[PDB]
Amino acid sequence: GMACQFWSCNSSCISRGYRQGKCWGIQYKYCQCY
């Protein structure tokens, strides 16, 4: 495990239907999507 696995947010946001996903906060799976 690691805090803010940024590309793991990206691949997940693309599943939800966004073009990208990123992070910087350390809470578990707290990812933003664009």
# chains A, B, ... in the order shown; residues from 1 in each chain; ligands from 1
$ residues_around --residues "residue A:34" --least-positions-apart "6" --cutoff "12 Å" --atoms "only C-alpha atoms" --output "ChimeraX atom specification"
/A:9-10,12-14,16-23
$ select_by_dssp --residues "chain A" --states "alpha helix (DSSP H)" --output "VMD selection string"
chain A and resid 6 to 16
$ atom_distance --atom1 "atom CA of residue A:27" --atom2 "atom CA of residue A:7"
15.6 Å
$ select_by_dssp --residues "chain A" --states "strand (DSSP E or B)" --output "ChimeraX atom specification"
/A:21-22,32-33
$ write_last_selection --atoms "C-alpha atoms" --output "PDB file, in the first residue's frame"
ATOM      1  CA  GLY A  21      -7.963  11.231 -12.498  1.00  0.00           C
ATOM      2  CA  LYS A  22      -5.349  12.508  -9.952  1.00  0.00           C
ATOM      3  CA  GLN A  32     -10.432  13.509  -8.038  1.00  0.00           C
ATOM      4  CA  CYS A  33     -11.594  13.143 -11.653  1.00  0.00           C
TER       5      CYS A  33
END
$ residues_around --residues "residue A:28" --least-positions-apart "5" --cutoff "12 Å" --atoms "only C-alpha atoms" --output "PyMOL selection string"
chain A and resi 1-6+8-9+23
$ write_last_selection --atoms "N, CA, C and O atoms" --output "PDB file, in the first residue's frame"
ATOM      1  N   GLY A   1       0.830  -1.216   0.000  1.00  0.00           N
ATOM      2  CA  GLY A   1       0.000   0.000   0.000  1.00  0.00           C
ATOM      3  C   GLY A   1       0.855   1.253   0.000  1.00  0.00           C
ATOM      4  O   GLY A   1       1.998   1.224   0.459  1.00  0.00           O
ATOM      5  N   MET A   2       0.309   2.360  -0.508  1.00  0.00           N
ATOM      6  CA  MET A   2       0.964   3.673  -0.558  1.00  0.00           C
ATOM      7  C   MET A   2      -0.063   4.820  -0.540  1.00  0.00           C
ATOM      8  O   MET A   2      -1.133   4.707  -1.143  1.00  0.00           O
ATOM      9  N   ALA A   3       0.252   5.943   0.112  1.00  0.00           N
ATOM     10  CA  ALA A   3      -0.574   7.155   0.071  1.00  0.00           C
ATOM     11  C   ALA A   3      -0.540   7.841  -1.313  1.00  0.00           C
ATOM     12  O   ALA A   3       0.537   8.105  -1.855  1.00  0.00           O
ATOM     13  N   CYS A   4      -1.719   8.167  -1.856  1.00  0.00           N
ATOM     14  CA  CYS A   4      -1.941   8.796  -3.166  1.00  0.00           C
ATOM     15  C   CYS A   4      -1.214   8.090  -4.334  1.00  0.00           C
ATOM     16  O   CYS A   4      -0.271   8.605  -4.943  1.00  0.00           O
ATOM     17  N   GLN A   5      -1.691   6.890  -4.679  1.00  0.00           N
ATOM     18  CA  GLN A   5      -1.296   6.164  -5.893  1.00  0.00           C
ATOM     19  C   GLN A   5      -1.977   6.818  -7.123  1.00  0.00           C
ATOM     20  O   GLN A   5      -3.015   6.360  -7.603  1.00  0.00           O
ATOM     21  N   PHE A   6      -1.415   7.934  -7.603  1.00  0.00           N
ATOM     22  CA  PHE A   6      -2.020   8.851  -8.588  1.00  0.00           C
ATOM     23  C   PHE A   6      -2.558   8.199  -9.873  1.00  0.00           C
ATOM     24  O   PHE A   6      -3.685   8.467 -10.285  1.00  0.00           O
ATOM     25  N   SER A   8      -3.409   5.058 -10.262  1.00  0.00           N
ATOM     26  CA  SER A   8      -4.499   4.172  -9.816  1.00  0.00           C
ATOM     27  C   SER A   8      -5.817   4.945  -9.627  1.00  0.00           C
ATOM     28  O   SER A   8      -6.906   4.390  -9.806  1.00  0.00           O
ATOM     29  N   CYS A   9      -5.741   6.251  -9.330  1.00  0.00           N
ATOM     30  CA  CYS A   9      -6.885   7.151  -9.409  1.00  0.00           C
ATOM     31  C   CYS A   9      -7.269   7.395 -10.881  1.00  0.00           C
ATOM     32  O   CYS A   9      -8.446   7.315 -11.222  1.00  0.00           O
ATOM     33  N   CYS A  23      -4.601  12.801  -7.628  1.00  0.00           N
ATOM     34  CA  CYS A  23      -4.700  12.986  -6.175  1.00  0.00           C
ATOM     35  C   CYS A  23      -3.531  13.798  -5.584  1.00  0.00           C
ATOM     36  O   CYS A  23      -2.534  14.095  -6.253  1.00  0.00           O
TER      37      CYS A  23
END
